[PDB]
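Just the one chain here, laid out as structure tokens, in the form deposited without the ligand.
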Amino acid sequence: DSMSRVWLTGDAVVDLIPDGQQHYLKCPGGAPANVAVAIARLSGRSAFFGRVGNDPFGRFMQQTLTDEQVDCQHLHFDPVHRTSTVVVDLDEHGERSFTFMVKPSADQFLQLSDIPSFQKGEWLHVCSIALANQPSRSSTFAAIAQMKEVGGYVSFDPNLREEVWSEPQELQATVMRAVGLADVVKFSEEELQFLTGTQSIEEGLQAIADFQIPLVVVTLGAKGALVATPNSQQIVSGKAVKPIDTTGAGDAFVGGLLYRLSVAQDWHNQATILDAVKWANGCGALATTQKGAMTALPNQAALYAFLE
């Protein structure tokens, strides 16, 4: 009867998304907060640690995460900096669809004292916005080092948003430094190419071979996901969906993947990994059926019915 805690950390944000005509839906969001909810909706055991602003948006994000049964014991309210606020342009997708209105937001002031005690077998999942500026960058690296030290596991997803970085020249090396630390890494096909200075996927994975990463997942959008384990790769694909809102789809993917690994006897098992990537594909498809990153994050009942 296995179920380990999965810690999520980084930016919780309010997503302003076009609706009425000149109206905005006010949607809960922020990539690591999206994953935290995703895991919880699947009956996972997720917990968030980090900083939001001491403002209504921050409180809306707090209440949102606890409403969703995500542990917020270690979610702090920064006394001066504002909660992240992003405007979405639906004509674009992924990184190119976001406009960040608060730089630096409260999360970029994550301090060492905000890290909770890690235990053996627990998971930690991280995105690159957490590495964008100080003190969050160095705080986040310290937390990764502490999780590995204790016998836990590290999940990383670049999830790139360049305009957040005050020194964008530092993105490549900083992101690749975290890749070098994780047990599990997930790229989009574009991010992998971009980050390894390569064209094609095969050359991408080449550039990181020396890292001995236990599991690299490269999502192919239409064609599913490529699953790279030591000395083997294969494509795992499921059903497709004409998407209504692609926002946070990649996070739902990460949600399913981490829910399944977190309840596994042994996450390194290949049958286990393949199954996990099958849940991850279903989640990512379903998540696109309603506006808002979190709105359509599936419970197990929905997911199984979609996969069958």
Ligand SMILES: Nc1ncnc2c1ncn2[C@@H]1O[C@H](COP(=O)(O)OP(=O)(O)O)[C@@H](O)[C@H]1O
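Each residue number is its position in the shown sequence, starting from 1.
Just so you know, the form solved in complex with the ligand exists too; it's not on screen, but the next bit is about it.
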Quick check: do 53, 59 and 102 each get a heavy atom within 4.5 Å of the ligand in the entry with it bound? no
Touches the ligand in the entry with it bound: residue 247 (any heavy atom, 4.5 Å): yes
Although the partner isn't part of this model, could you tell me whether residue 136 comes within 4.5 Å of the ligand in the entry with it bound, counting any heavy atom of the residue? no
Problem - residue 259 within 4.5 Å of the ligand in the entry with it bound, heavy atoms - result: no
Just to confirm, residue 48 within 4.5 Å of the ligand in the entry with it bound by heavy atoms? no
Only one of 140 to 148, 204 to 212, 168 to 176, 219 to 227 has residues with a heavy atom within 4.5 Å of the ligand in the entry with it bound, and that stretch is 219 to 227
Interface check vs the ligand in the entry with it bound: of 121, 116, 180, 94, the one with a heavy atom inside 4.5 Å is 94
Looking in the entry with it bound, the residues of 4 to 20 with a heavy atom no more than 4.5 Å from the ligand, listed in order, are none
